[PDB]
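A quick write-up on the structure given underneath.
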Amino acid sequence: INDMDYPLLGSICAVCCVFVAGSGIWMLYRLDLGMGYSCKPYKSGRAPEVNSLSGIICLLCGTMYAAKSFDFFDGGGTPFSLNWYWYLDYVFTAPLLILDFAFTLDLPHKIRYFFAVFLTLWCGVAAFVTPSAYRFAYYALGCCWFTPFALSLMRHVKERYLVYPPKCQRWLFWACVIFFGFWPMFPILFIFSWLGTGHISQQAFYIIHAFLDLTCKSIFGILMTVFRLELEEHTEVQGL
Amino acid sequence: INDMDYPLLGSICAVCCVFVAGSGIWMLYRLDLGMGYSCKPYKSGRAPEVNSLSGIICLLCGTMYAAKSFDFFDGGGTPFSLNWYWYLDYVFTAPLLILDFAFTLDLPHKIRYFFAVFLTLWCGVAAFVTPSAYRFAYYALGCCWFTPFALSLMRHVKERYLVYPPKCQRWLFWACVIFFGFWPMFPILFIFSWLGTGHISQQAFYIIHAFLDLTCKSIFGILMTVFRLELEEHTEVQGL
Amino acid sequence: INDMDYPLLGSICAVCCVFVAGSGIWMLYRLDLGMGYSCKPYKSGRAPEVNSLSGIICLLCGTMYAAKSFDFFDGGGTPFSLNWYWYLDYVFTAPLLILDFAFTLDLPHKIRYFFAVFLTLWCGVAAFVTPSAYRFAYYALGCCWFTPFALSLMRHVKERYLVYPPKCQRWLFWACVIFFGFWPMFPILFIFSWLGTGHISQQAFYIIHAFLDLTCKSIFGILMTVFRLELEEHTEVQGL
Ligand SMILES: CCCCCCCC/C=C/CCCCCCCC(=O)OC[C@H](COP(=O)(O)OCCN)OC(=O)CCCCCCC/C=C/CCCCCCCC
Ligand SMILES: CCCCCCCC/C=C/CCCCCCCC(=O)OC[C@H](COP(=O)(O)OCCN)OC(=O)CCCCCCC/C=C/CCCCCCCC
Ligand SMILES: CCCCCCCC/C=C/CCCCCCCC(=O)OC[C@H](COP(=O)(O)OCCN)OC(=O)CCCCCCC/C=C/CCCCCCCC
Ligand SMILES: CCCCCCCC/C=C\CCCCCCCC(=O)OC[C@H](COP(=O)(O)OCCN)OC(=O)CCCCCCC/C=C/CCCCCCCC
Ligand SMILES: CCCCCCCC/C=C\CCCCCCCC(=O)OC[C@H](COP(=O)(O)OCCN)OC(=O)CCCCCCC/C=C/CCCCCCCC
Ligand SMILES: CCCCCCCC/C=C\CCCCCCCC(=O)OC[C@H](COP(=O)(O)OCCN)OC(=O)CCCCCCC/C=C/CCCCCCCC
Ligand SMILES: CCCCCCCC/C=C\CCCCCCCC(=O)O[C@H](COC(=O)CCCCCCC/C=C/CCCCCCCC)COP(=O)(O)OCCN
Ligand SMILES: CCCCCCCC/C=C\CCCCCCCC(=O)O[C@H](COC(=O)CCCCCCC/C=C/CCCCCCCC)COP(=O)(O)OCCN
Ligand SMILES: CCCCCCCC/C=C\CCCCCCCC(=O)O[C@H](COC(=O)CCCCCCC/C=C/CCCCCCCC)COP(=O)(O)OCCN
Ligand SMILES: CC(C)CCC[C@@H](C)[C@H]1CC[C@H]2[C@@H]3CC=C4C[C@@H](O)CC[C@]4(C)[C@H]3CC[C@]12C
Ligand SMILES: CC(C)CCC[C@@H](C)[C@H]1CC[C@H]2[C@@H]3CC=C4C[C@@H](O)CC[C@]4(C)[C@H]3CC[C@]12C
Ligand SMILES: CC(C)CCC[C@@H](C)[C@H]1CC[C@H]2[C@@H]3CC=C4C[C@@H](O)CC[C@]4(C)[C@H]3CC[C@]12C
Ligand SMILES: CC(C)CCC[C@@H](C)[C@H]1CC[C@H]2[C@@H]3CC=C4C[C@@H](O)CC[C@]4(C)[C@H]3CC[C@]12C
C-alpha cells in the first residue's frame with residue numbers, strides 16, 4: 001500500500017527542481033567569467049570542459065526531480081516514473097560527482113572512482129527491485145564496492161589537504177563534510193527503510209533524499225565551484 | 001489501433017539502412033586516405049579519433065534502421081522493437097552529432113552540448129511513453145533544454161563563420177541549414193503528431209523521420225566530411 | 001521449460017565471481033607498484049588511467065557473476081536477473097576489452113573498435129529476446145558488424161607484432177590466441193544453442209560462458225597485465 005501525500009512529494013521535488021537547477025544555472029554562470037572573483041579572459045577564452053561538470057550535474061539532477069514531480073503529481077507510477085525503480089537516477093549523477101571532484105584536485109585513479117560509484121549504485125538499484133533475502137546480498141555487494149572506494153578517496157584527499165592555502169582549504173573541508181557525511185547516509189537510510197528494518201516509511205524516504213540531493217548536488221557543487229575560484233585566484237591570478 | 005502498412009515501413013527503413021550505412025562506409029573510406037582530396041600519409045599515419053564520429057553515427061543509425069525494419073517486417077511490436085518506445089534510438093546518435101560538430105570547428109562547451117541534447121532526447125522519450133497531460137510537461141521540459149542549446153550553438157557558429165575561406169564556408173553553411181532547419185523539425189512533428197494535435201498519423205510519422213534521419217545523419221555527415229576535406233586542404237596542404 | 005540445476009549454476013558463477021574479481025584485485029595491485037617487475041615511482045607517482053582498464057573489467061565482470069549467482073541461487077528469474085536477457089552483461093565489458101587492448105599497443109581506430117563491439121553485442125542482445133525468424137537476422141546483423149572488426153583488428157595486430165622483443169612477444173601472442181580463438185566462440189555457441197540448432201541445452205550454455213568469461217576477462221586480462229610489465233621493463237627500465 002503506497003497511499004501517501006503525492007502532491008506533497010510532487011511539491012518538494014518541484015521545489016528541489018528549482019533550487020538545484022537554479023544553482024546549476026548560476027554554477028555555469030560563474031564559470032565563464034574568469035579564473036576566480038576577478039574577471040579574466042581565461043587564456044584561450046573558454047573554460048576547461050572538466051570545470052563544467054558541477055553545473056551540469058545539478059541541471060541533470062534538476063531535470064531529474066522535475067520528472068519525479070510529474071510522477072508524484074499524477075498520483076501513481078507513470079511509465080517514465082524515475083521513482084518506481086529506485087536509485088536509477090543516481091546511476092548517472094553520482095559517478096559524475098566523484099569524477100568532478102577528481103578533476104578538481106587532480107586526484108589519481110579517476111576511472112576507478114567512476115566505476116566504484118557506478119557499480120555501487122547499480123548494486124543498490126538491484127537491491128530495491130529484488131523482493132527477496134538477496135536484496136541484502138546486493139546491498140552487501142554494493143557495500144563492498146563503496147567501502148574500499150570511500151577509504152581510498154579519503155586517503156588521497158588527506159594528501160591533497162596539505163598544500164592548499166587556508167583560504168581555499170575551508171572550502172575543500174566543507175566539501176569533504178558533504179562527501180563523507182552525506183554519501184554514507186544513502187546506505188544507512190536503506191538499512192532502516194521499509195525494505196530493511198522498517199523505521200522509515202516510504203513517504204518520508206523521498207523527502208530525505210530530496211534534501212540529500214540538494215546537499216550532494218547543489219550545495220556540494222556550490223562548494224566545489226567556490227573552491228575552484230579561490231584555487232585559481234591564488235595560483236593563476238596571484239602567481240603563487 | 002495501429003493498423004498500417006508495416007511492409008512499407010519495413011521497406012523504407014531497409015532502404016534507409018542501405019543509404020545511411022552505405023554513406024557511413026564511404027565516410028570512413030574517405031577519412032583514411034589523406035588530409036583532403038590529395039592523399040597524404042596523415043603525419044603519424046592514423047586519422048584522429050575525433051574525425052571518425054561522422055561515419056560511425058551513420059553506421060550506428062544504419063544498423064538502427066535495420067532493427068526497425070525487422071520490427072516492421074514482423075508486423076507488430078517485436079521484443080527488441082526500437083519503435084515501440086519512441087526516440088530511444090536518437091538518445092545515442094543525436095548527442096554524437098553535436099559532439100561531432102563541436103570537434104569539427106573546435107566549438108567550446110562540448111560537454112554542455114552533449115548533455116543538452118542527451119537530456120533533450122530523454123525528456124522527449126519520456127513524453128511519448130506517458131499517456132497523460134504531463135506528456136506536454138515533459139515536452140515543455142525538453143523544449144527548455146533544447147532552446148538554450150539551439151541559441152547558444154547558433155551564436156558560437158556565427159563566430160566561427162568568419163575565418164573559414166569561402167571554399168569551405170559553403171559546406172559549413174549547408175551543414176547549418178541541416179542543423180537549424182531539420183533539428184527543430186523533430187519537436188514540431190511531435191506537436192502535430194497523433195500524440196499532440198493529431199494532424200499526422202502514426203504511419204506517416206515513421207516515414208518523415210526516416211527521411212529526416214537520412215538528412216540529419218548521412219547528408220549532414222557527408223556535409224561535415226566534405227567540409228573537413230576542404231578545411232584540411234587549405235590549412236595542412238596549402239599552409240594557409 | 002527451464003528445469004535445471006540452478007544451485008550448480010549459482011555455484012559456478014560464485015566460483016567465477018571469486019576468481020575473476022580476485023584476479024582483478026591482483027591486477028590493480030600489480031599496476032601501482034612500478035613500470036614492471038622492478039618497483040619504480042612511476043614518474044609522477046600515479047599509473048595512467050588507460051593502464052587500469054584490465055583490472056576494472058574483471059571487477060565489473062566479477063560483480064556481474066555475483067548478481068547472476070543471486071539469480072541462480074534464488075531458483076528463477078529475479079527482477080535484477082542479468083540472465084533472463086542474454087548478453088546484456090557483455091554490452092559493457094566487451095567494448096572495454098578491445099578498448100583496453102587498443103590502448104595497450106596504441107592501436108588506431110580505438111573509437112571504431114569500441115562501437116563495432118558495442119553494436120555487435122547489442123545486435124546479439126536483440127537476437128536472444130526475439131523469438132522469431134528474425135533472431136537470425138539480428139545475428140546476421142551482428143555478424144556483419146563483428147567480422148569486419150575481427151579482420152581489421154587482426155591486421156593491425158600483425159603490424160604491431162613486429163617490433164616487440166621476443167620476451168614480451170609471447171605474452172602478446174597468447175593474448176591474441178584468447179582474442180581470436182575465444183571471441184569467435186560466442187557467435188558459434190549461439191548457432192548451436194537451443195535458440196539455433198539445439199545441440200547445447202540452456203543449462204550447459206551458462207557453464208561454457210562462465211569459463212569463457214574467465215578466459216576473456218581474467219586470463220586475457222592477466223596476459224595483458226604481464227605484457228605491460230615486460231613492455232615497460234624493456235622500454236622505460238632498460239632504455240631500449
Ligand atoms: C527526464 C530526464 C531524464 C534524464 C535521464 C533519464 C535516464 C533514466 C531512465 C529512467 C527509466 C525510467 C523507467 C521507469 C519505469 C516505470 C515503470 C512503472 O512505473 O510501473 C508501474 C506501473 C503500475 O502502476 P499502476 O498501473 O498505476 O498500478 C496501480 C493500479 N491502478 O506500470 C505501468 O505504468 C506500465 C509501464 C509502461 C511501460 C514503462 C515504459 C518505461 C519507459 C521506457 C523508456 C526508458 C528506456 C530505458 C531503456 C531500456 C529499454 C526498456
Ligand atoms: C540493433 C542495434 C541496436 C544498437 C543500440 C540499441 C540501444 C537501444 C536499446 C533498445 C531497447 C529496446 C526496447 C524495446 C522494447 C519493446 C517492447 C514491446 O515491443 O512491447 C510491445 C509488445 C506487445 O505487442 P503484441 O504482443 O504484438 O500486441 C498485439 C497483440 N497480439 O510486448 C512484447 O512483445 C513483450 C516484450 C518482451 C520484453 C521486451 C524485452 C526488451 C529487450 C530487452 C533488451 C534491452 C535491454 C535494455 C536495458 C534495460 C533492461 C530492461
Ligand atoms: C549488479 C551489478 C550490475 C552492474 C551493471 C548492471 C547493468 C546491466 C543492467 C541489467 C538489467 C537487468 C534487467 C533484468 C530484467 C529481468 C526480468 C525478469 O527476470 O523477468 C522474468 C520474471 C518472470 O519469472 P517468474 O515470475 O519466476 O516465472 C515463473 C512463474 N512463477 O519476471 C519478473 O520477475 C518481473 C520483473 C520485475 C521488473 C524487472 C525490473 C528490472 C530491474 C530494473 C532495473 C534496471 C534498469 C534498466 C534501465 C531501463 C529501465 C527499464
Ligand atoms: C548502454 C550501455 C553503455 C555501455 C558502454 C560502455 C563503454 C565504455 C565507455 C568508455 C569507457 C571509459 C574509457 C575512456 C578512456 C579513458 C580516457 C583516456 O584514455 O585517458 C585520457 C586521459 C589519461 O590521462 P593522461 O593523459 O595520461 O594524464 C597524464 C598526466 N598529465 O584522461 C585522464 O587524464 C584521466 C581521466 C579520464 C576520464 C576518467 C574516466 C571516465 C570514463 C567514463 C566511463 C563511462 C562508462 C559508461 C558506462 C560504463 C558501463 C560499463
Ligand atoms: C547506463 C548508465 C551509464 C551512465 C554513466 C555515466 C558516466 C559518465 C560518462 C563520462 C562523463 C563525461 C566526462 C568525461 C570527461 C571529460 C573529458 C576530459 O576530461 O577532458 C579532456 C579534454 C578537455 O579539454 P582540454 O584538454 O583541457 O583542451 C584544452 C584546449 N587545447 O577533452 C576536450 O578537449 C573536450 C571534449 C571532451 C569530450 C566531450 C564530452 C563527452 C562526454 C561524453 C559523456 C558520456 C555520458 C554518458 C551518459 C551520461 C548519463 C548521465
Ligand atoms: C544511456 C544512453 C547513453 C548514450 C550516450 C552516448 C554518448 C556518447 C558518449 C561519448 C562518445 C564518445 C566520444 C568521446 C570523444 C572521443 C575522445 C576524443 O575526443 O579524443 C581524445 C583523444 C584523441 O586522440 P589524439 O589526442 O588526437 O591522439 C594523437 C596521437 N598522439 O583520445 C584518443 O587518443 C583515442 C581514444 C579515445 C577514446 C576511445 C573511444 C571511447 C569512447 C567511449 C564511447 C562511449 C559510448 C557510450 C555508449 C554509446 C551509445 C551510442
Ligand atoms: C543549514 C541551512 C542550509 C540552507 C540551504 C543553503 C541555501 C543556499 C545558500 C548557499 C549555501 C552554499 C553556500 C556555500 C558557501 C558560499 C557562500 C559564499 O560566501 O560565497 C562567496 C562567493 O561565492 C558565491 O557567491 C557563492 C554563493 C552563491 C550561492 C547562490 C545560491 C544558490 C543559487 C540558487 C539561485 C536560484 C534558486 C531558485 C530559488 C529557490 C526557490 C525554492 C565566497 O567568498 P566569501 O567566503 O564570502 O569571502 C568574501 C571574499 N571573497
Ligand atoms: C533534394 C534531393 C536530395 C537527394 C538525396 C541526396 C543523395 C545523395 C547525394 C549526395 C548528397 C550530399 C552531397 C553533399 C555535397 C557534396 C557533393 C560534392 O560535390 O562533393 C565533392 C567531393 O566530395 C564527395 O565526393 C562527396 C560526394 C559523395 C557522396 C556519396 C553519396 C553517398 C554514398 C552512398 C553510397 C551507398 C548508397 C547505397 C545505395 C542506395 C540504395 C538505396 C566536393 O567537391 P566539389 O564541390 O564537387 O568541387 C570539385 C573540386 N573539389
Ligand atoms: C588450462 C588450465 C587453465 C587453468 C586456469 C588458469 C589459472 C590461473 C593461473 C594463471 C593463468 C594465467 C597466467 C598467465 C601467464 C603468467 C604466469 C607468469 O609466469 O607470470 C610471470 C609474473 O607475472 C605474474 O605473476 C602473473 C601470474 C599471477 C597470476 C595470479 C593468478 C590469478 C590471481 C587470482 C587470485 C585470487 C583467486 C581466488 C581463489 C580462487 C577461488 C576459486 C611472468 O614472468 P615469467 O614468465 O614467469 O618469467 C620469470 C621472470 N619474469
Ligand atoms: C557529522 C557529519 C555531518 C559528518 C561526519 C564526517 C566528518 C566528521 C568528517 C568528514 C569531513 C572530514 C575531514 C576530511 C579531511 C580532513 C583533513 C585532515 O588532514 C584533517 C582532518 C579532516 C579535516 C577531516 C575531519 C572530520 C570530517 C569533518
Ligand atoms: C527553410 C529551412 C530548410 C531552413 C531554415 C533555417 C535557415 C533559414 C537558417 C539555418 C542555417 C542558417 C545560417 C546560419 C549561419 C549563418 C552565418 C551568419 O554570419 C550569416 C547568416 C547565416 C548564414 C544563416 C542564415 C540562415 C540559415 C540558412
Ligand atoms: C519553454 C519555452 C522555451 C517554450 C518551449 C515550449 C513550448 C514550445 C511548448 C510548451 C507549452 C506547449 C503546449 C502543450 C500542450 C499543447 C496541447 C496540444 O494538444 C497541442 C499543442 C500544445 C498546445 C503545446 C505546443 C507548444 C508548447 C507551447
Ligand atoms: C585453437 C584455438 C584456441 C585458436 C585458433 C586461432 C589461432 C590459430 C590464431 C589466434 C592467435 C594467432 C596469431 C595472431 C598473430 C600472429 C602474428 C603473425 O605475424 C604470425 C602468426 C600469428 C602468430 C597468429 C597465428 C595463429 C593464431 C594462434
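Out of all the residues in the range B:151-168, which are under 17 Å from B:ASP106 (Cα atoms) and either away from chain A (no Cβ under 12 Å) or within 16 Å of ligand 8 (Cβ to nearest atom) (or both)?
B:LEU153, B:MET154, B:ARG155, B:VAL157, B:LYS158, B:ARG160, B:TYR161, B:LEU162, B:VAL163, B:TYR164, B:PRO165, B:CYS168
Just to be sure I understand, how many residues within the range B:224-238 are within 17 Å of the chain's Cα centre (by Cα) and surrounded by 20 or more Cβ atoms within 10 Å (Cβ to Cβ)?
Number satisfying all stated conditions: 3.
Being among the acidic types (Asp, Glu), at the interface with another protein chain (Cβ under 10 Å from one of its Cβ atoms) and away from ligand 1 (no atom under 16 Å from the Cβ) is the requirement here; does B:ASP5 meet it?
When the stated conditions are applied, B:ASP5 does not pass them.
Just to be sure before I move on: is B:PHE80 within 10 Å of chain A (Cβ to nearest Cβ), free of Cβ contacts under 8 Å to residues at least 24 places away in the same chain and of a type in the set (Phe, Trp, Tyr) in the structure I sent? If you could, list the steps in order and put the result at the bottom.
Working: within 10 Å of chain A (Cβ to nearest Cβ): no; free of Cβ contacts under 8 Å to residues at least 24 places away in the same chain: yes; of a type in the set (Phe, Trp, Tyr): yes.
Spelling it out, it is not the case that B:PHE80 is within 10 Å of chain A (Cβ to nearest Cβ), free of Cβ contacts under 8 Å to residues at least 24 places away in the same chain and of a type in the set (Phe, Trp, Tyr).
Of A:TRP145, A:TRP171, which residue is under 24 Å from A:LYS110 (Cα atoms) and within 17 Å of the chain's Cα centre (by Cα)? Outline the logic, then answer.
Numbers: A:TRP145 fails: within 17 Å of the chain's Cα centre (by Cα).
Checking each option against the conditions leaves just A:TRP171.
With (1) within 12 Å of chain C (Cβ to nearest Cβ); (2) surrounded by fewer than 21 Cβ atoms within 10 Å (Cβ to Cβ); (3) touching a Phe, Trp or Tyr at 6+ places or on another chain (Cβ under 7 Å) as the list, and A:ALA127 as the residue in question, which single condition is left unmet?
The single condition A:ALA127 does not satisfy is (2).
Is it true that B:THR104 is over 30 Å from B:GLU236 (Cβ atoms), surrounded by 20 or more Cβ atoms within 10 Å (Cβ to Cβ) and out of contact with any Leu (no Cβ under 6 Å at 6 or more places or on another chain)? Spell out how you get there, then give the answer.
Values: over 30 Å from B:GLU236 (Cβ atoms): no; surrounded by 20 or more Cβ atoms within 10 Å (Cβ to Cβ): yes; out of contact with any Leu (no Cβ under 6 Å at 6 or more places or on another chain): yes.
In short, no.
Are there helices (runs of 4 or more DSSP H) fully within the range B:92-201 with at least 1 residues that are among the polar types (S, T, N, Q)? List them. First the steps, then the outcome.
Details: elements: B:110-129, B:135-160, B:166-182, B:185-192.
Answer list for the range B:92-201: B:110-129, B:135-160, B:166-182.
Could you tell me how many of the residues in the range C:25-60 are more than 11 Å from chain A (Cβ to nearest Cβ) and in a helix (DSSP H, G or I)?
Of the residues in the range C:25-60, 6 are more than 11 Å from chain A (Cβ to nearest Cβ) and in a helix (DSSP H, G or I).
State whether the residues of the range C:47-70 include one that is aromatic (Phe, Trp, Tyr), within 13 Å of ligand 6 (Cβ to nearest atom) and out of contact with any strand residue (DSSP E or B) (no Cβ under 8 Å at 6 or more places or on another chain). Write out each step before concluding.
Kept after step one, since they are aromatic (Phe, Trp, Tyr), are these residues of the range C:47-70: C:65, C:70.
Next cut, within 13 Å of ligand 6 (Cβ to nearest atom) only: none.
No, every residue in the range C:47-70 fails to be aromatic (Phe, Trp, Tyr), within 13 Å of ligand 6 (Cβ to nearest atom) and out of contact with any strand residue (DSSP E or B) (no Cβ under 8 Å at 6 or more places or on another chain).
Being in contact with a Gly (Cβ under 7 Å, 6 or more places away or on another chain) and aliphatic (A, V, I, L, M) is the filter; apply it to the range A:8-24 and report the residue that is farthest from the other protein chains (Cβ to nearest Cβ).
My answer is A:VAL20.
Considering only the range A:107-120, I want to know if a residue exists there that is buried (at least 20 other Cβ atoms within 10 Å of the Cβ), free of Cβ contacts under 8 Å to residues at least 40 places away in the same chain, within 14 Å of chain C (Cβ to nearest Cβ) and hydroxyl-bearing (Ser, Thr, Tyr).
Within the range A:107-120 (the criterion being buried (at least 20 other Cβ atoms within 10 Å of the Cβ), free of Cβ contacts under 8 Å to residues at least 40 places away in the same chain, within 14 Å of chain C (Cβ to nearest Cβ) and hydroxyl-bearing (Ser, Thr, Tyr)), the answer is yes, since at least one residue qualifies.
Considering only residues that are in contact with a helix residue (DSSP H, G or I) (Cβ under 6 Å, 6 or more places away or on another chain) and more than 15 Å from A:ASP89 (Cα to Cα), which ones fall in the range A:208-221?
Hits for the range A:208-221 are A:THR215, A:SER218, A:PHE220, A:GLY221.
Return the residue satisfying two criteria in turn: it lies in the range A:68-77 and is in contact with a helix residue (DSSP H, G or I) (Cβ under 6 Å, 6 or more places away or on another chain) and crowded, with 19+ Cβ neighbours inside 10 Å, and of such residues it is nearest to the other protein chains (Cβ to nearest Cβ).
Looking only at the range A:68-77, we keep the residues that are in contact with a helix residue (DSSP H, G or I) (Cβ under 6 Å, 6 or more places away or on another chain), and these are A:68-70, A:72-73, A:75.
Right, trim to crowded, with 19+ Cβ neighbours inside 10 Å and you get A:68-70, A:72-73.
Values: A:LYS68: 11, A:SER69: 9, A:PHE70: 4, A:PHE72: 11, A:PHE73: 7 Å.
So, considering only residues that are in contact with a helix residue (DSSP H, G or I) (Cβ under 6 Å, 6 or more places away or on another chain) and crowded, with 19+ Cβ neighbours inside 10 Å, the one nearest to the other protein chains (Cβ to nearest Cβ) is A:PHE70.
Do we have any residue at all in the range A:205-224 that's more than 14 Å from every other protein chain (Cβ to nearest Cβ) and more than 25 Å from A:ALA14 (Cα to Cα)?
no
Considering only the range A:141-186, how many residues are touching a residue at least 60 places away in the same chain (Cβ under 8 Å) and surrounded by fewer than 17 Cβ atoms within 10 Å (Cβ to Cβ)?
2
Evaluate the range B:106-126: report whether one residue or more is within 16 Å of ligand 11 (Cβ to nearest atom) and basic (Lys, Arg).
no
Listed residues B:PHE192, B:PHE186, B:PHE182, B:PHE173; which is in contact with a helix residue (DSSP H, G or I) (Cβ under 6 Å, 6 or more places away or on another chain) and aromatic (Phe, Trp, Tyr)?
The match here is B:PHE182.
Would it be correct to say that B:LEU212 is more than 27 Å from A:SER81 (Cα to Cα) and without any contact (Cβ under 8 Å) to a residue 60 or more places away in the chain?
Working: more than 27 Å from A:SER81 (Cα to Cα): yes; without any contact (Cβ under 8 Å) to a residue 60 or more places away in the chain: yes.
Yes; evaluated as a whole, the condition is true for this residue.
Residue-wise test of (1) closer than 20 Å to C:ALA137 by Cβ; (2) without any contact (Cβ under 8 Å) to a residue 40 or more places away in the chain; (3) crowded, with 21+ Cβ neighbours inside 10 Å.
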{"residue": "B:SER23", "(1), (2), (3)": "no, no, yes"}
{"residue": "B:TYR29", "(1), (2), (3)": "no, yes, no"}
{"residue": "B:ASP32", "(1), (2), (3)": "no, yes, no"}
{"residue": "B:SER54", "(1), (2), (3)": "no, no, yes"}
{"residue": "B:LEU60", "(1), (2), (3)": "yes, yes, yes"}
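Find all pairs meeting these conditions: Cβ atoms under 7 angstrom apart; at least six residues apart or on different chains; first residue within the range C:84-103 and more than 13 Å from ligand 3 (Cβ to nearest atom); second residue hydroxyl-bearing (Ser, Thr, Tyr).
C:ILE98/C:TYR113; C:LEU99/C:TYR113; C:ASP100/C:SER54; C:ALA102/C:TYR113
Check off (1) within 16 Å of ligand 11 (Cβ to nearest atom); (2) at positive phi; (3) of a type in the set (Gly, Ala, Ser) for B:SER152 and give me the number that stays unchecked.
(2)
For the structure I just gave you, tell me whether C:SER44 is farther than 24 Å from C:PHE179 by Cβ, among the polar types (S, T, N, Q), under 21 Å from the mean Cα position of the chain (by Cα) and away from ligand 12 (no atom under 16 Å from the Cβ). Full working, then the answer.
Working: farther than 24 Å from C:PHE179 by Cβ: yes; among the polar types (S, T, N, Q): yes; under 21 Å from the mean Cα position of the chain (by Cα): no; away from ligand 12 (no atom under 16 Å from the Cβ): yes.
So C:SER44 does not fit the description; no.
Would you pick out the residues in the range B:1-41 that are closer than 21 Å to B:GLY62 by Cα and in contact with a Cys (Cβ under 7 Å, 6 or more places away or on another chain)?
B:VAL20, B:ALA21, B:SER23, B:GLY24, B:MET27
Report whether or not B:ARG135 is surrounded by 18 or more Cβ atoms within 10 Å (Cβ to Cβ), more than 29 Å from A:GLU49 (Cβ to Cβ) and basic (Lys, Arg).
Here the answer is yes, as B:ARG135 does meet what is asked.
Have a look at B:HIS199, B:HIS234 and point out the one that is more than 10 Å from ligand 11 (Cβ to nearest atom) and touching a residue at least 12 places away in the same chain (Cβ under 8 Å).
From the options B:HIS199, B:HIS234, the qualifying one is B:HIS234.
With ideal geometry, Cβ positions are generated from the backbone for all residues, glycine too; neighbour counts draw on all protein chains shown. A short reminder: the numbers here are calculations on the coordinates, not readings from a lab.
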